[PDB]
Amino acid sequence: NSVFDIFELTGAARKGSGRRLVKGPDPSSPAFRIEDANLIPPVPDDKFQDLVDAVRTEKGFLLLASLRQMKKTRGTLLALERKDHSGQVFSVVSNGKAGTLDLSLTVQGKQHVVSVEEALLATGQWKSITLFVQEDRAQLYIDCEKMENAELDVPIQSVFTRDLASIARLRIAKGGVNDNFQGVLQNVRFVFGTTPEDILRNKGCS
């Protein structure tokens, strides 16, 4: 219940499906070059419910991800899309045009969007992020340094409702505009019962 690797949960490593297996900074884990995010299978409802339960309990989460994004592009890292295809209830977008990490939350009929500034992740090079969300607070760590904070207009658990798995599904690298992720992703994971400090220390940071 501590680690939820999204690519592993979707089964995005099966042979022939919306992505291409490549190498990443982590020599022991598979990396995925996005070819067509639309074709990447959604996280099964049962596994997504486990995630929802974890977020509910911790009143937030710790999201880790390594990315090599195309310059000047808006790329959705992940999103909670409504099963009825009317939109997304939540999304994390690496906005290479604004040089920000955008967090969108739709708490019924209302789309609130907040940008985490000074976060240019869209550089043809590999970057690692640690996003810590607790209540209505967001703290972003890029690599072993840089902390940029932002506050949401509503608490994170307000999105992660009890039976969210019944109306939405978790998609990786897929957007609502034409914000599909362009580039390579690796180790996109939700981690619980741990802190960012605790985790910056376990990657060699200081």
# chains A, B, ... in the order shown; residues from 1 in each chain; ligands from 1

$ select_by_dssp --residues "stretch 75-203 of chain A" --states "strand (DSSP E or B)" --output "count of residues only"
62

$ residues_around --residues "stretch 47-63 of chain A" --least-positions-apart "4" --cutoff "8 Å" --atoms "only C-alpha atoms" --output "ChimeraX atom specification"
/A:1,4,9,43,129-135,156-157,160-165,169-170,188-196

$ residues_around --residues "stretch 122-124 of chain A" --least-positions-apart "5" --cutoff "12 Å" --atoms "only C-alpha atoms" --output "ChimeraX atom specification"
/A:66-77,93-101,181-184

$ closest_atom_pairs --of "stretch 69-165 of chain A" --to "stretch 19-30 of chain A" --cutoff "10 Å" --atoms "only C-alpha atoms" --output "JSON lines"
{"residue": "A:126", "atom": "CA", "partner": "A:25", "partner_atom": "CA", "distance": 7.4}
{"residue": "A:127", "atom": "CA", "partner": "A:25", "partner_atom": "CA", "distance": 9.2}
{"residue": "A:128", "atom": "CA", "partner": "A:25", "partner_atom": "CA", "distance": 9.3}

$ select_by_dssp --residues "chain A" --states "helix (DSSP H, G or I)" --output "ChimeraX atom specification"
/A:6-10,37-39,45-58,156-158,164-166,196-203
